[PDB]
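In the C-alpha cells that follow, a single protein chain appears in two forms: structure 1, then structure 2.
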Structure 1
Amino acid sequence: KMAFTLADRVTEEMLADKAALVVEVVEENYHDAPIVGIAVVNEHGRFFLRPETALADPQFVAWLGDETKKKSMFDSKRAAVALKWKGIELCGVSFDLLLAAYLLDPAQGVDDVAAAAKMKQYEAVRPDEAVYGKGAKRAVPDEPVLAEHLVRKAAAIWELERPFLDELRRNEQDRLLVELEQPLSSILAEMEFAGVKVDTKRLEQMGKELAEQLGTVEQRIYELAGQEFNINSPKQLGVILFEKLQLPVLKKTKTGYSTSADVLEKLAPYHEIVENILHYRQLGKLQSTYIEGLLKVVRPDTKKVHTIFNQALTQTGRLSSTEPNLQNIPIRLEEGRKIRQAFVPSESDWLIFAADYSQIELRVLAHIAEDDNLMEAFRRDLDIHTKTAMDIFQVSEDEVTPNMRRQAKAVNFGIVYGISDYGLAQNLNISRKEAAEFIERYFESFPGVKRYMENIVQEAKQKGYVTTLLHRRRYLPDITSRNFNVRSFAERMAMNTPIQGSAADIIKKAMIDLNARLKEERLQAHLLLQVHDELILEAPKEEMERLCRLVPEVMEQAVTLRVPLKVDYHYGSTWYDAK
C-alpha cells in the first residue's frame, strides 16, 4: 500500500504548474461516459479527488483549462473528450505517456501505464485488467482500491516522464512526440467531439429497399441450392457448393475450402448460384454494417456519430477509426457510395468539403527511392497509371486500352509493398507467369524501385529496424528468421513501412499546419475526418472559395520532397457530393 492524501475538497497546492494528472474513464468508449476518479501528483504531494466534487470547482476547472499549468498524462485525448462532454476544457498537456511508448515501440501495443512501465523497469503499478477484468468481467471497484490505483499510475507518469523522453531524444524522436503527435492528439480530440451528422431517414429508406432486395436473392439462392442453409456460415456454404452441387475447389483456406469473392468470380461460369451468392454478400454487407451498423449508433438527440481515432495502435503510423469506423464507408461500387449521401453538415447552409493527396504513397516511394523515371513522371504531372501501362507494354499515350490500365493500376497498388506474383495474380485474375512478367517489366522500367527494395531489406538487417520521413521506428526481428514466408512478410514490412509511414507522418502534419491557419484566419471551418490520405472538413457555404486554395496549399506544402505532392478538392451538400 502506498500513501497519498485522500482529498474531500480542493486545496490550491494541487494547482502547481507541473503535475502528473490522471482522469479515469473506465468506459471502453470514452464518448460521454462517467469519469470515475482523478489523481494528481506534484511537488506538493499526491492527491485523490472524487469527480463529483472536483468537477464542480471553479478553482479546479480553471486550473484544467490553463495552458500555463503543465500536466503529464496517459492518453490525454481520453480525458479531453470525456471532459469536453462535460463542457470542461483541458489544456497544457506537455507529455502524453501513451504517445511516447507508442513511438518507442508500437509493437508492444501499450494499452495502459503498466505496459508503459515494463518498458522502463518500473513495476509499482498494476495493469487495468487486474483491477477491472476482461469482458462482462470489467467492473468499477470500490474507492479504497480505486484511489490506490489511480495514484500509483499518476505516480508512475511523474516518474517515467524523463526516462521516456531521454530514450526518445536518443532515438531521435523528441520532435515527433512534441511537435507532431501531441499537437495532433488535441486536434483529433476536437474532431471526435464535433462528430458528423447523419441523415437517419435516408439511411432508413436504403435499408428498407435492401431487405426487400435481400429477401429476393435469399429465396433464389435457396431455390437453386436445392435447400435452406445459413448462407453466412461459409463452412455451411462450401458444403452446398463443393459437395451437394459438385463444383471445382480452386482456392483453399487453412481450415477447409474457400469462398472468398476471388474464387467466386472464377466459379461464376460453372453454375448460376455463384453470382447470386456474390450479390447476396454485397447487399448484406451494406445493410449489416452501413445501415443497421451506423443507425445503431447515431446519437438520438443531435443525430451525429462520434468516432474514436486511435492515434496509437497501428504498426506503421496510420490512425484507425473505431465504433464506428468512418475510414471504410463505401466508395468503390456506385451503388455502395450512395451511403455517403447520409453524411450531412451539422449546420444549415454549410457544406462538406473534402480534399486528398493524389498517389501520396507512390510519390513517397519516388522520393525515398530516388528513381529518376518515377520522379520525372510526377514532376511533369503525367497520369502515373498511364505512364506505368506504357512502360510495362512499351506502348503509346493512346495505345493504352482500358484493360492495360486496370492492370498497371494493380501493380502500383502492390509495388508499394513488394507484391508477390502469386498475390498480384489473384487481384488481377491472371496467370502468375504474367503477374511477374509485369513485375519484371516494372522493375527494369523503374530500377530505382529495385535498389530501394534491395537496400531497405539490408538496412533492416543492419539496424534491426526501419524508419520514416519523420523518424518513426519499426523493429522487425523476423527479418532474419529461418523461415521463408516469415522472412518474406518481414521483408515487405521492411520496405512498405517507410512508405505507409511517411504518407501518414505527412498528413498528420498537414492537419496541424491546417488547424494552425484556420485559427489565424479566424475561419469557421474545422476538420471532421481523416481517411489515411484525405481530409474532410465542414464549413459555411461562403467559405469554399478560400478552402479551395487554403486546404490544398497547406496540404501540398506540409513537407518538401523530390516530387511535388498533388491534392484534389471537391465540395457538395453531402459527402457523396464531394467526390
Structure 2
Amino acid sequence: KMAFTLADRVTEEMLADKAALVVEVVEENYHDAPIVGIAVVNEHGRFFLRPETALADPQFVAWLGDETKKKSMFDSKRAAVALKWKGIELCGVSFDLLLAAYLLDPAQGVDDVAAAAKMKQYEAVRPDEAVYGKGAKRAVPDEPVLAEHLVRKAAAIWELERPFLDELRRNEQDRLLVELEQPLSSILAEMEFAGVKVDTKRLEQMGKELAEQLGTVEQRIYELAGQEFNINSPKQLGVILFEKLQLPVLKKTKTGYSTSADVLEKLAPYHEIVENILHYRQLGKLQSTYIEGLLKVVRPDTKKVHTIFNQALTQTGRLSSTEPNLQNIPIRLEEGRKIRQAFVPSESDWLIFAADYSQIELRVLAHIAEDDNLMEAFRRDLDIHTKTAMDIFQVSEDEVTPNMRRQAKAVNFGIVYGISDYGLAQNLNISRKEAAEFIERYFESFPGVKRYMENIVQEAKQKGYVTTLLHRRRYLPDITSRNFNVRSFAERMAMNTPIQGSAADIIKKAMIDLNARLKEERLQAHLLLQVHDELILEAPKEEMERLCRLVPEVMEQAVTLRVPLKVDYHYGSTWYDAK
C-alpha cells in the first residue's frame, strides 16, 4: 500500500544530506546479528534496499560514516552495534526517536516506532510484535511485508522528528537529547561492542567448588528438616519451616507463609536450619546466575560477554544491563566477590581500572535541598552516617556507638528513597512510633532537607511531574489519589526520583567528558561498564598513573554543585583486584 522504490542498487538520490534511516535487526540480541533490511526516506522519496546490496556498495558505506549526512533513526545504538560487527561506522545520527520518546515520558514504555508514533496520534505504522511475533516465534517475514514495514517506520520517523523536537524544546529537554543521551548512545555502543573478557577456566573451577559446598549444605538441610524437599521452592520451604518444624510466623501473608530474607534473618535464633538455608540460597544464586548463566552468554571464540545497555527503560534515567546483567555482579559477600576474578583485561599487560563516586545521592540531596548542616558535613568531608548519628541521638563523635551509626545509616537511605515511619520501622525492626521519633529528630537537625521534601511533594502536585538537574522528567499522576498507599508511593517517587535521576545525569555527563579527554590524550584506555555511580575501564598498565589523575578529575568536574563530588579509584589484574 505505501509507495516506495524496492531498489536493486544504491543511487545518488538515496544519499541526500538528510534522511530517516532504518537499519533493521530483528534478533532481540543485536550482537553479531543479521541486518535483514534497510529503508531510507528523504526529500526525494521512500526506498527499501537489500543489505547484501547496500552494505557492499562503497558509496552507501561512505554515506553511513559521513557525519555531515544527518540521519533520523529509532534505537541508533541497535544499528550502530550491528554495523560495528561488520566493520562499518554509522555517523551523523542527529535525532533518535526512541531517546526522544523516553525523555518526554519514560512511563509509556516505548520500545517500537508504533508506540512512539501513538504519542502524536500517527497510526500509519504496524507494531514490530505484530509483524515479527515475540521472543521464540519471532521470525523475519517475506520481503513485501518486511519492505513495507521498514518503509512505514522510516516515513514515521521522517514525520515525527519536528513534533518530538518542538515538545522537547517546550520541556527544556532539547539539550538533554542532543548533548547528553544521543552522544551517550554512541559511547554505550563502543562499550557493548568492546565487551569484557571472561576467564572461563576461573568460572568452571569456582563452579566445581560451589557444587561441593552446595552438596554439603543441601545434605545438612535434609538432616535438619528430617525429610527431602525443593529448597528453591519458597512454597515447599514454608511447609517445612512453619508446619513441620513449627517455627513462629512473625508476619502474616495472603498465600500462606513468607520465607523472604528479612523473615529468615529474624527466624535464625529459633533453628539451626535457617542460616544453612540462607547459605544454600547464597551459593545457589552464584552457581545458577554467575557461573552457568554467565558461561552460556560468553562468545566461545573471544571469551567476551557483550551486555546490552537499555538507555530507555528506567523511570529515573539510570541505564539497565541485560544478557548478561553486568551492573549486578557480586561484591557484598567474599565468596560472591570472587566471581569478579573471572573479569580480566581483553589484552596482555592491560589492567582493570574502577572509579566510583562516594555518596553521590546524599551529595545531590545536599545541593538540591540547600541544607546548611548537610553542605557543611560534606565541606568537612565528615563521615556522614556518624554526623547523622551525632545530630539525631544528640552525642559528640566519640560517643557514637556502631549501633547508632548503623541506625543513622538506615535513616540516610530512608531519606533518599523517600522516608516513611512504616519504611524505617520495617528496615530497622522497630515500632512506627520509634521510627517517627528518629525521622522527627532527623528533620530538626536537617531543616533544609525537611523544607525540600515538603516543597518537592507540593511541586509534583502543582506541575504534575518532578525534574532532575539536567531536566529529565517523571509524571506522578498518583500524587492526587485518595488511596493512602497509592498516593504515598508517589510522594516517595517525588522525593527519590530527582536524587537518583540527578546522580544518573552526572555520571552520564562524566562518560561524555571522559571520552573527549581520552581522545585528546589519545590514550588506549576505554570504558567497559557503568554501574550507576561507578565507571570501569581497561587500559595498558603504562596508563594507570595518567588515569589515577584523569578519570577522577573528570568525574569530579562533570557538574558544579554547592558540595564537592568525591571519587575513589582502584586498579588491578582482575575486576576483583580493582578494590
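Throughout, rigid core stands for the largest set of C-alpha atoms superposing within 1.5 Å between the two forms. By convention here, residues take numbers in order along the sequence of structure 1, the first being 1.
Undergrad: With the core superposed, a Cα shift of 2 Å or more between the two structures singles out one residue among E143, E347, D372, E437. Which one is it?
TA: Single residue meeting the criterion: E437.
Undergrad: After a rigid core superposition, would you say the CA of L180 moves by 2 angstroms or more between the two structures, or not?
TA: The answer is no, as the C-alpha of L180 shifts between the two structures by less than 2 Å after core alignment.
Undergrad: On a rigid core superposition, would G423 pass a 2 Å threshold for CA movement between the two structures?
TA: Superposed on the core, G423 moves its C-alpha 2 Å or more between the two structures.
Undergrad: My question is whether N485 is one of the residues whose C-alpha shifts by 2 Å or more between the two structures, given a fit on the rigid core.
TA: No, the C-alpha moves less than 2 Å.
Undergrad: What's the distance in angstrom the Cα of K254 travels between the two structures, core superposed?
TA: In the core superposition between the two structures, the C-alpha of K254 moves 4.2 Å.
Undergrad: Report, in Å with one decimal, the C-alpha displacement of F393 between the two structures after core superposition.
TA: Rounded to one decimal, the shift is 2.3 Å.
Undergrad: Superpose the two forms on the rigid core, then give the C-alpha shift of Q315 between the two structures in Å.
TA: Rounded to one decimal, the shift is 0.3 Å.
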